[PDB]
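Asks: Below is one structure. I have some questions about it.
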Amino acid sequence: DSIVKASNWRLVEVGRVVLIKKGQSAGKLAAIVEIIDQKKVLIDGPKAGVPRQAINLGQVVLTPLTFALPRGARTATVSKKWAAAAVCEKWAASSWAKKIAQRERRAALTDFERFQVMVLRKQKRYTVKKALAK
Amino acid sequence: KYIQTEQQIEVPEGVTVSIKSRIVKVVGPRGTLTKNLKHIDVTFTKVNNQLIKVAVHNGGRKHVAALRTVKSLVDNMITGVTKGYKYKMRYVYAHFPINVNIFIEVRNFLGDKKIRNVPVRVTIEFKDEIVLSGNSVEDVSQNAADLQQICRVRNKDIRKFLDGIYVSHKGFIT
Amino acid sequence: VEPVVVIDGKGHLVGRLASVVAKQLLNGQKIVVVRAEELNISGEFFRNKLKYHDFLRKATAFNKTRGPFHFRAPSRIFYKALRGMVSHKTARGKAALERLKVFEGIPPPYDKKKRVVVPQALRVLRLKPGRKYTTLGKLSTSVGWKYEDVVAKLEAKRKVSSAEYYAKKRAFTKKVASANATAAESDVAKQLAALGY
Amino acid sequence: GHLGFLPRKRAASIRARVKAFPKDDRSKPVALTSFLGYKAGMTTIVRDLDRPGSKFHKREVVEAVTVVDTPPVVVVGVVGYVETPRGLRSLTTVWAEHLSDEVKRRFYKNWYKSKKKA
Amino acid sequence: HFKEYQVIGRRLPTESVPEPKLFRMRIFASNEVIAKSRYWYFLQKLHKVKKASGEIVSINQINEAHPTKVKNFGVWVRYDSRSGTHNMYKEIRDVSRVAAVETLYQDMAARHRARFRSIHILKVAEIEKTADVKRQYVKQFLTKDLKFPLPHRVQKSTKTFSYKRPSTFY
RNA sequence: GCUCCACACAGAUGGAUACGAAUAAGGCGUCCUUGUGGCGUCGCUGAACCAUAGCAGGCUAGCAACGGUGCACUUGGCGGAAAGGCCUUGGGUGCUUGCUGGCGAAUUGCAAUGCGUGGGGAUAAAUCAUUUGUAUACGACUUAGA
RNA sequence: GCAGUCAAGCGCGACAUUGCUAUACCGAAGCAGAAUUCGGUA
RNA sequence: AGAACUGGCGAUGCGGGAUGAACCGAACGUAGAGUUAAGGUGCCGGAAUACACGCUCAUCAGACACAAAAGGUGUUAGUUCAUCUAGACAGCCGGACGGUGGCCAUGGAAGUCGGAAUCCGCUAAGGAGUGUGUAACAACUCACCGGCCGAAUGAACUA
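Shown next, in the form of structure tokens:
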């Protein structure tokens, strides 16, 4: 009987899908191909659209999702492995991508849509309050 | 700079190790020992339920020192829990007999009226020799050191005068 | 953004926190600092203790009282640190300082109100890992502060019954989430989900 | 002289105020700690010293003493103090239903001309 | 951003010496003017040719063959400092020669305090196979199945006040 | 302080929306042998949650809920660190945009946001006067006299 | 100081070297005890 | 101390430099809009708690050329050599001999209180001995090899 708790870290490695935080391809997924050094990692996001390049780890944030990928894979092989792993489907199901989509939708809302949202929220609150205390 | 350096600790079938945030706990036949390592900044893993790894990432020699000493401390704790540690000291006197009563009090040391007392932090048992045993190595060792360091022969020749109590033997209780 | 901002000073750098508080004060923002005794300063304890002595060693000969004043309370130390960052001896500076309040712990009614932190001033976010640091409370106790015991004693009571308040809030949110779930999948809920809500 | 007894300025209050009190005991029963009195006179005292191995052991010794008038003290109320970061604070005070004439006079500077509205 | 340039000079050919040795070398610089100046300085120092009788036959920019291929670069550098000039060799794991030379210049300006003024790039070469690297810090990244975390990430804050007590977990 | 007479009138405009602890770790739900336990789940900023419709927010008729909310009461509890605030039982009185109708907007003309003093009546206290020293150069201080 | 050997380096040049001209508390001493000497805190 | 030639001052305001005679830019009518120099961008102080690579814990650091030649089991990078899967450094175990107790010195000194040479036989390995120690032997030993061990290690220099 042994216990080792709270040791889950998102290791950076080959095949580690990542999300770009800053740069031209900000907000676009990328996959780490080969690690250059402690501060430089090669990434490829052909499915997303970002061209293959060496990016600084400070400009990108890792993600929990992972998939197998041969070291130093080319663009074609990286895209093939990305399609096979279907990491996109897992990404959407995660609450992180859902939060991103919700934020984008809220930023894309209109004044009339905002009024409709307000009315629907009022109705939902009335229904919830009626349900409560019963 | 080292990308990742790890050290291994064995887990005998007779003990169980429960690891959370750096605080470390050990359980075994002789009892349970716990220690705090929140200031050491190391990580632990459960590789196969029988071996415990301590690793440091992007740590230099300064951090590697703590990385390695973590293994030594854990091994010492495991050995103490499984078997324990024993310490002994010898009574030597030329003219004035030394009487010791258990807190441990030393009387009639070099004809000194004052009674030197060393608090007990570890057990006392018995030739003219004391036996100290305890699960924690640090506690028993510090008690022995304090016992040896209270008998200071101030303003006297070190070589000529040998009266006092000194550590003689070390080993496991088993 | 908020008529009054309560900043939790625990685990914060004195320098950055004081600078940001002074800058906000110059902008017309009221700020209240709490848990001053928990404030941290970079460097080992001895260096901070030595630094304190060399600023109070300059006692004026003819008039010590009218000269430098040495305050031991952590709140007083924080105010002195922030005071130098503001253009004092002027009406604009004097007015700004009136918007700042420093207390040890969280005296009421601030104990029942929300508090915030400054990410850029967090000790655990700026200092390099494994580096030595000093605690303002311990330094104040060493240099003469005598209220650390009472401060800790009545701060422990602050956590007491506030854990119970949080437990009650969690129990209420349990029912709130249950009501939201049972109200889900409805036409209004579906429309809200489509509209980003 | 003694820097600890400076500055040498006139005392503001004629009656000396106690700065500290004996440490409280949580096991001993409730008991008093201080008493009030008035100094009155001085005289000589002689006795025999029982101090062991002394120059005057089991033999007479003389010195000077003083006498303080200590009439019985009567309580008038109880004061409670709480622990606060800024120092001990008095939150509530309760006084007795009846008070002595001297106590009432103490709260007056023109007692003869005042209405004695104690 | 550094750039790689090729410069060739043949000292203004005169009678009885047509088409001289035509000294050739590769110069790393941020612009053509700096590349030409560095080429002139190198010719004056190493060789006996000066700009008085010199001539720039042609200057061209060389682009790395595989800008998306990770390589181990071995660089021989001769630089001058407060003490006497001495040779130096270093190994860099980069993607392109330009990036490798830029990192070398940054390291020299950081550690040895040597700047672009007193640094010479003798040769840049690619290490083909493993076990030819002679630097431990470069061998560090050559281990098979290399995985490591990024503890204590320095998250950036866009607002002065944050009601979250952010955690540096990664 | 009580009473009668004469006279004046550094910066709100949604909500400062309450745990603690670690940051080489943490919360939330659930389960069990009740443990530094098992599973799922979340961060990667507050770009968040409540509320936000009505001549600056009126009148009035119905439907469905009987819930939400302002008001003075009313039973009780908590808050001494700067408690002075947090609620909680019962009813009453209004709104309810939760839902469906009928009335007015205009001319403002294309915008210059749109609560003590001074004169009396009575009554609590203080200074001097007076006088004792415990204080004393003079200030100042401790006392006594309906 | 004068005169000679030096020689990591740059005819100059390193460590050695040859002739005159208070109280109190700790560490060491062949501290047997006392007494004493040398170093440190102040 | 006194002279010879040469650029600013002096007759000179402005910005920057905590202030400024030997410092930088800029040499001047009264106004509006815009772009800059030196100098700056955590507050005082108008401007990024910008990016990237490395460095330093300093018990009086640091942000200002003499005392600076050297010292440090402080740290990060380089150069010249030695060992190296014929087994790298390190930690334990074993061997660590015979003439011999070399000659002289002897109150007793046998490698280690002293003086002068340092050999053969060898064996994978013995200095007629690097130390602790006894009035002398006794006992341990490092340097020298072997065995258990498993990859890079060591000596000297430069930043």
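First to last, the protein sequences are chains M, H, O, B and S. Each number in the deposited numbering comes from the position in the first sequence (counting from 1) with 3 added on. All letters in the second sequence, in the order written, are residues 2 to 103, 111 to 129, 132 to 136, 141 to 188 by the deposited numbering. Each number in the deposited numbering comes from the position in the third sequence (counting from 1) with 2 added on. Each number in the deposited numbering comes from the position in the fourth sequence (counting from 1) with 11 added on. Each number in the deposited numbering comes from the position in the fifth sequence (counting from 1) with 2 added on. Quick reminder that beta carbons are idealized off the backbone N, C-alpha and C, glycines included.
Taking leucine 148 of chain S as the query, report the chain M residues whose CB atoms sit under 8 Å from its CB, ordered along the chain.
Replies: One-based indexing of the fifth sequence puts residue 148 of chain S at position 146. Those within 8 Å of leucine 148 of chain S in chain M are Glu16 and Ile38.
Asks: Could you name the residues of the region 82 to 99 of chain S whose beta carbon sits closer than 7 Å to any beta carbon of chain O, in the order they occur along the chain?
Replies: none
Asks: Report the option in H:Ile4, H:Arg23 and H:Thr6 whose CA atom is closest to the CA atom of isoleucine 6 of chain M.
Replies: For the purposes of this step, residue 6 of chain M is taken as the residue at position 3 of the first sequence. When only C-alpha atoms are compared, the closest one is H:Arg23.
Asks: Would you verify that the beta carbon of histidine 64 of chain H is, or is not, closer than 8 Å to some beta carbon of chain O?
Replies: Sequence index remark: in the second sequence, residue 64 of chain H carries index 63 (1-based). Interface residue, yes.
Asks: Identify each residue in the region 42 to 60 of chain H for which the Cβ-Cβ distance to at least one residue of chain S is less than 7 Å, and report them in chain order.
Replies: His58
Asks: Quick check on the burial criterion: 16 or more other C-beta atoms within 10 angstroms. Buried or exposed for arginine 125 of chain O?
Replies: Counted from its first residue, the third sequence places residue 125 of chain O at position 123. It is buried - the Cβ of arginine 125 of chain O has at least 16 other Cβ atoms within 10 Å.
Asks: Nearest chain M C-beta to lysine 36 of chain H closer than 8 Å, yes or no?
Replies: If you number the second sequence from 1, residue 36 of chain H lands on position 35. So no, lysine 36 of chain H is outside the interface.
Asks: DSSP puts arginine 115 of chain H in a beta bridge; with which residues?
Replies: For the purposes of this step, residue 115 of chain H is identified with residue 107 of the second sequence, where counting begins at 1. H:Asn100, per the DSSP bridge assignment.
Asks: DSSP puts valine 21 of chain M in a beta bridge; with which residues?
Replies: Counting from 1 along the first sequence, the entry for residue 21 of chain M is found at position 18. DSSP lists M:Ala33 and M:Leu65 as partners of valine 21 of chain M.
Asks: Within 10 angstroms of the Cβ of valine 178 of chain O, are there 16 or more other Cβ atoms? Answer buried if so, exposed if not.
Replies: Position 176 of the third sequence holds residue 178 of chain O. So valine 178 of chain O ends up on the exposed side.
Asks: List, in order along the chain, the chain O residues whose C-beta lies closer than 7 Å to that of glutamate 108 of chain B?
Replies: Stepping through the fourth sequence from its first residue, residue 108 of chain B is reached at position 97. Those do not exist, as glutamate 108 of chain B stays about 35 Å from chain O at its closest Cβ, beyond 7 Å.
Asks: Classify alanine 134 of chain M as helix, strand or coil using the three-state DSSP reduction.
Replies: For the purposes of this step, residue 134 of chain M is identified with residue 131 of the first sequence, where counting begins at 1. Three-state result, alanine 134 of chain M: helix.
Asks: What's the gap between the Cα of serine 125 of chain B and the Cα of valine 114 of chain B?
Replies: The residue given as residue 125 of chain B occupies position 114 in the fourth sequence. The residue given as residue 114 of chain B occupies position 103 in the fourth sequence. Cα to Cα, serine 125 of chain B sits roughly 15 Å from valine 114 of chain B.
Asks: Out of M:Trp85, M:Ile58 and M:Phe118, point me to the one whose CA is closest to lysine 50 of chain M's CA.
Replies: Start at 1 with the first residue of the first sequence, and residue 50 of chain M comes out as number 47. Here the closest residue by C-alpha is M:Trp85.
Asks: For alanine 51 of chain B, collect the residues of the same chain with a Cβ closer than 8 Å to its Cβ; drop the 5 residues on either side in sequence, then sort them by chain order.
Replies: For the purposes of this step, residue 51 of chain B is taken as residue 40 along the fourth sequence, with counting starting at 1. Excluding positions up to five away in sequence, the list reads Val78, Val79 and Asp80.
Asks: Does the CB of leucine 60 of chain M have a neighbour CB from chain O at under 8 Å?
Replies: As a position in the first sequence, residue 60 of chain M is number 57, starting the count at 1. It does not; no Cβ of chain O falls within 8 Å.
Asks: Between the Cα of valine 36 of chain O and those of O:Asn29, O:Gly11, O:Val23 and O:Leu19, spot the shortest distance and give me the residue it belongs to.
Replies: By one-based count along the third sequence, residue 36 of chain O stands at place 34. Measuring from the Cα of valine 36 of chain O, the nearest candidate turns out to be O:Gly11.
Asks: At a CB distance below 9 Å, what residues from the region 7 to 19 of chain H approach chain M? Give them in sequence order.
Replies: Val12, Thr17, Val18 and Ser19
Asks: State the DSSP-derived secondary structure class of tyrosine 165 of chain S, mapped to helix, strand or coil.
Replies: By one-based count along the fifth sequence, residue 165 of chain S stands at place 163. Reduced to three states, the DSSP call for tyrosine 165 of chain S is coil.
Asks: Can you grab the Cα-Cα spacing for the pair residue 223 of chain S / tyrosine 91 of chain S, in whole Å?
Replies: Absent from the model: residue 223 of chain S. The displayed extent of chain S is 3 to 172, so no value can be given.
Asks: Terminal residues of the continuous beta strand (DSSP E) containing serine 73 of chain H?
Replies: To locate residue 73 of chain H, count along the second sequence from 1; it is residue 72. Where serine 73 of chain H is concerned, there is no enclosing beta strand (DSSP E), although the alpha helix (DSSP H) it sits in stretches over 62 to 83.
Asks: I need the DSSP call for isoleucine 10 of chain S, collapsed to helix, strand or coil.
Replies: Residue numbering aside, residue 10 of chain S sits at position 8 when the fifth sequence is read from its first letter. The answer is strand: DSSP assigns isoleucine 10 of chain S an E or B state.
Asks: Between which two residues does the alpha helix (DSSP H) carrying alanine 165 of chain O extend?
Replies: Residue 165 of chain O sits at position 163 when you count from the first residue of the third sequence. That run of the alpha helix (DSSP H) goes 164 to 184.
Asks: Please report the Cβ distance between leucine 129 of chain O and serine 44 of chain O, rounded to the nearest whole angstrom; I am assuming they are in contact, meaning their Cβ atoms lie under 8 Å.
Replies: The count along the third sequence starts at 1 and reaches residue 129 of chain O at position 127. The count along the third sequence starts at 1 and reaches residue 44 of chain O at position 42. That belief holds up - the Cβ atoms of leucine 129 of chain O and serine 44 of chain O are roughly 6 Å apart, short of 8 Å.
Asks: Considering just the uninterrupted stretch of the beta strand (DSSP E) at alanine 22 of chain B, what are its terminal residues?
Replies: Translated into positions along the fourth sequence, residue 22 of chain B becomes position 11. Note, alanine 22 of chain B: premise wrong, no beta strand (DSSP E); not H, not E.
Asks: May I ask you to verify whether the region 67 to 85 of chain H touches the region 28 to 38 of chain H, counting CB pairs closer than 8 Å and requiring at least 3?
Replies: They touch, by the three-pair rule.
Asks: With distance defined between alpha-carbon atoms, name the residue in H:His40, H:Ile164, H:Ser155 and H:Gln162 nearest to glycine 185 of chain H.
Replies: If you number the second sequence from 1, residue 185 of chain H lands on position 171. Nearest of H:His40, H:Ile164, H:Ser155 and H:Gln162 to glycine 185 of chain H, Cα basis: H:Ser155.
Asks: Nearest CA to the CA of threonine 133 of chain H: which residue from H:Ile103, H:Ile123 and H:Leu118?
Replies: As a working mapping, residue 133 of chain H is identified with position 123 in the second sequence. Nearest of H:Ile103, H:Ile123 and H:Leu118 to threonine 133 of chain H, Cα basis: H:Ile103.
Asks: Measure the C-alpha to C-alpha separation of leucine 127 of chain O and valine 156 of chain S and round it to an integer number of angstroms.
Replies: Working through the third sequence from its first residue, we reach residue 127 of chain O at position 125. Working through the fifth sequence from its first residue, we reach residue 156 of chain S at position 154. Straight-line Cα distance between these residues: approximately 7 Å.
Asks: Which bits of chain S does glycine 75 of chain M rub up against, with CB to CB less than 9 Å?
Replies: Along the first sequence, read from residue 1 onward, the residue named residue 75 of chain M stands at position 72. Simply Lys71 and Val72.
Asks: For a contact defined as C-beta to C-beta under 7 Å, what are the partners of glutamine 122 of chain O on chain S?
Replies: In the third sequence, residue 122 of chain O corresponds to position 120, counting from 1. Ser159, listed in chain order.
Asks: Which of the three DSSP states is assigned to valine 59 of chain S in this structure?
Replies: Indexing the fifth sequence from 1 puts residue 59 of chain S at position 57. In the three-state scheme derived from DSSP, where H, G and I count as helix and E and B as strand, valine 59 of chain S is classed as strand.
Asks: Could you compute how far the alpha carbon of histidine 72 of chain O sits from the alpha carbon of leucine 58 of chain O?
Replies: Position 70 of the third sequence, counted from the start, is the residue given in the question as residue 72 of chain O. Position 56 of the third sequence, counted from the start, is the residue given in the question as residue 58 of chain O. Cα to Cα, the separation comes out at about 6 Å.
Asks: Three or more C-beta pairs under 8 Å: does that hold for the region 72 to 89 of chain M against the region 91 to 109 of chain S?
Replies: no
Asks: Please report the residue range of the alpha helix (DSSP H) in which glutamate 74 of chain B lies.
Replies: Within the fourth sequence, numbered from 1, the residue matching residue 74 of chain B stands at position 63. It is not in any alpha helix (DSSP H) - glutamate 74 of chain B instead sits in the beta strand (DSSP E) that spans 70 to 80.
Asks: Counting pairs of beta carbons, one from the region 86 to 96 of chain H and one from the region 145 to 165 of chain H, are three or more of them closer than 8 Å?
Replies: yes
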